[PDB]
Amino acid sequence: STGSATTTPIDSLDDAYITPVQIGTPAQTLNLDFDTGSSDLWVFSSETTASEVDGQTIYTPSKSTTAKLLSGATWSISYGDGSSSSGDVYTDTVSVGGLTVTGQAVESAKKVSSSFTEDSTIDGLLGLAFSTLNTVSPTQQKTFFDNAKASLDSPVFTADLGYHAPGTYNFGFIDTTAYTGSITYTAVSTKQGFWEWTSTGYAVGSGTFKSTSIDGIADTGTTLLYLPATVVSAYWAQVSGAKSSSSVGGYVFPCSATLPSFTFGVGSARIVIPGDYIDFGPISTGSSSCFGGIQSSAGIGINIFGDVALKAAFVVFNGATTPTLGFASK
Ligand SMILES: NC[C@H]1O[C@@H](CC(=O)NCc2ccccn2)[C@H](O)[C@@H]1O
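Residues numbered from 1 in each chain as written, not as in the entry; some residues may be left out. Heavy atoms only, no water. Residues with missing side-chain atoms left out of burial classes, pairs and counts.

Structure determination for this PDB entry was carried out by X-ray crystallography, with a resolution of 1.4690 Å recorded in the header.

In structure tokens form, the structure reads like this:
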């Protein structure tokens, strides 16, 4: 089997991407944030505290003939940005782009934090990291990908995120028309439950490539590119007027600037992030100070190749017995 679904930016800045997902019988379609940095599939639901729902589409398990309460199971997750959610668990039929999994754990939110409430466009998350990170207790549950894997033509999914444009998540096959040149594959460590890999270095604009190992995770659920302070300082030094602002919470730059590209290494291959991918617009409405798309990982504990990096590439998440990651230009 295979699946193919279009993923769409939630706003004009590509702050996140949503992908339609069919849950239950008859189908209830929710727009979920596919997140390769976490491993829970959770949704706004008929069980979510009323005051914490503001415009989201909810899952109502009582209206699904295939929904079954997973007795005694609860879940609770907190993300790197401090957001969080929790609730109980159903199993139900879940389909993504024509690919169907029966008995998928669908985690129903009873509580969500304010940032989820305030985002009317995201109805929940679909985790695509390794199932070892799944928070369901007392019996850990598998991700959609892990459940589907055996049935897929090939045990892979691919992320093809657009810049200010729709893109595609494919499951079970590699669309050879969706990228240019070749796909370069690189080793993955699953020791922390992430798609963790080591970049071979970087360049700023037309500058010389710096060969240096940068360990980090491929995370579709993170907006920006978070890299070591040395690397990030070298980037923003090439932008006149750019500075790190503690009040704003990162590097900002004059909105009149032209941003240089940023290149990262994948083995001997190179992925080039165009400068305008790194522009996340005015820090507040009407401001002439703009927020940068490359930020320091110093306060995070990990480097994160988020959407800013990934949308410059066609990315293969290879879930073979020994997982690997593939990157191609496009
Ligand atoms: N500290 C490492 C962990 O932090 C995550 C980064 C994060 O929170 N991104 C934003 C975000 C918000 C809401 C939902 C999903 N992502 C990584 O995926 C790891 O899991």
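**Student:** Explain the packing of aromatic side chains to me, please; I cannot follow it from the model alone.
**Tutor:** Each aromatic ring pair is summarised here by two numbers: the centre-to-centre distance and the angle between the ring planes. Inspection of the entire model under this criterion finds 26 aromatic pairs. For the ring pair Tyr 79 and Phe 116, a centre distance of 5.9 Å and an interplane angle of 65 degrees mean the geometry is edge-to-face. One end of the pair, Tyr 79, is in the loop between β5 (68-78) and β6 (84-96); the other, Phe 116, is in helix α1 (residues 114-117), with 37 residues separating them in the sequence. Accessibility assignment for this pair places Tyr 79 and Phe 116 in one class, buried. (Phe/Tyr/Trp six-rings, centres within 6.5 Å; stacked < 30°, edge-to-face > 60°. Helix = DSSP H or I, 4+ residues; strand = E, 2+ residues; numbered from the N terminus. Buried < 20%, exposed > 50% of the residue type's maximum accessible area, 1.4 Å probe, protein only.)

**Student:** Explain the side chain of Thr 158 here, please?
**Tutor:** Inspection of the secondary structure assignment puts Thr 158 in strand β9 (residues 156-160). Discounting residues that sit within four places of it in the chain, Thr 158 has contacts with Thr 168, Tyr 169, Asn 170, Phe 173, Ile 174, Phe 314, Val 315 and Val 316. (Contact = heavy atoms within 4.5 Å.)

**Student:** What should I look at first to understand the site of the ligand in this one?
**Tutor:** Lining the immediate environment of the ligand, one finds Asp 35, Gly 37, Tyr 79, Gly 80, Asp 81, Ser 83, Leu 125, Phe 194, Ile 217, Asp 219, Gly 221 and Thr 222. At 2.8 Å, a backbone N or O of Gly 37 approaches an oxygen atom of the ligand. Taking 470 Å² as the accessible area of the ligand by itself, protein coverage stands at 79%. For the shell around the ligand, a count of residues per class yields four nonpolar, five polar and three charged. Each of two domains, domain 1 (5-174) and domain 2 (175-330), supplies a minimum of three residues to the shell around the ligand. (Near = heavy atom within 4 Å. Polar contact = N/O pair within 3.5 Å; in protein donor to acceptor, adjacent residues only side chain to side chain. Areas by Shrake-Rupley, 256 points an atom, 1.4 Å probe, with all protein chains shown as cover. Nonpolar A, V, L, I, M, F, W, Y, C, P; charged D, E, K, R; others polar. Domains from an automatic or database assignment.)

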